[PDB]
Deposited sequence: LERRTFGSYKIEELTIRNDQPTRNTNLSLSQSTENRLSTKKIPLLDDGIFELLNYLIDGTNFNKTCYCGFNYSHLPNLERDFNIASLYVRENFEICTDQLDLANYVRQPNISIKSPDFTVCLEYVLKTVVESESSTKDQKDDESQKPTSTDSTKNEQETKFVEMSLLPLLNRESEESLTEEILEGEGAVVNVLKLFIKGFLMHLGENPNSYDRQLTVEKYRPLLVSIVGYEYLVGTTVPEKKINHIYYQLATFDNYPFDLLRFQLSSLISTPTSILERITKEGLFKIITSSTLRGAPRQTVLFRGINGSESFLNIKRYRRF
């Protein structure tokens, strides 16, 4: 009903002849973080989390850090008349969460706010508080744990719609996990494969994941020479296979 183990998804059935509808739960994750909500008050509480080390701790650290940032970005706005729509977008690769507000009257008309939770293109290490480095590190670890939770659920739960589903919507998380770990305290080939091939079907993923190949040395060195991202002055991602895919905005809604 409400409660589900962190990172897991559900597959629902739309009918128009039936098509699958992936409930990835990314919206809900982001929403909780924005509200500063604590782990014990989430749909995620009360499952065994020995597979996800430090989930509750890092989740609450991250929740606070996101909450405070939100407040800083919204203290300079008057939002007493407005309501946050149940739509969150993510722009990449700074993991820029974007909210849209509209007037309680309509539901001056609409207002937008963006917070880059994991800024990657323009950073300061030396001129950054411990609060910020600790908050970021917690956000990233939460994302990693979400993806592990996703993968573990996928592994244990075959479904005949799997062939039609892909890791497409997880991309911004994956890109930020790879980007942050690289550009601030190596590249995890699992994360990098899934970010690169956002068209990875679920059944194929399950069967292949454990035999995934490492980053080719020509790519590793092209990365050290030129970054991971290629700015067009719109950002391109430097894939594990040398592809250069456009990282478009993803939109998430409440399910």
{"item": "Missing residue ranges, deposited sequence indexing starting at 1", "value": "17-39, 131-156, 174, 236-241, 290-299"}
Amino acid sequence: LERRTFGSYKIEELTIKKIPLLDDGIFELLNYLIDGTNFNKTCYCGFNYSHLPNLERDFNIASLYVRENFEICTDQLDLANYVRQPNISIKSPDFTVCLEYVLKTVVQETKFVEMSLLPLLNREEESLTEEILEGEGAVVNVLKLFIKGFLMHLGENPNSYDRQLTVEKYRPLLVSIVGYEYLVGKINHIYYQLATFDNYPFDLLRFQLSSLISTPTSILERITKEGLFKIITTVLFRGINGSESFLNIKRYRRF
From here on, numbers count along this sequence of modelled residues.
property: 224-232 or 26-34, whichever carries the higher mean Cα B-factor; result: 224-232
property: Mean Cα B-factor comparison, 95-103 or 152-160, giving the higher one as deposited; result: 95-103
property: Residue with maximal Cα B-factor (values as given in the PDB entry) among 90, 142, 128, 175; result: 128
property: Of the residues 50, 42, 215, 211, the one carrying the largest Cα B-factor as recorded; result: 211
property: Third assignment of residue 16 from its chain's C-alpha B-factors; result: highest
property: CA B-factor placement of residue 112, once the chain's modelled residues are sorted into thirds; result: highest
property: Cα B factor band for residue 181 (lowest, middle or highest third within the chain); result: middle
property: Assigned third (lowest, middle, highest) for the C-alpha B factor of residue 136; result: middle
property: Modelled-residue ranking by C-alpha temperature factor, third containing residue 54; result: middle
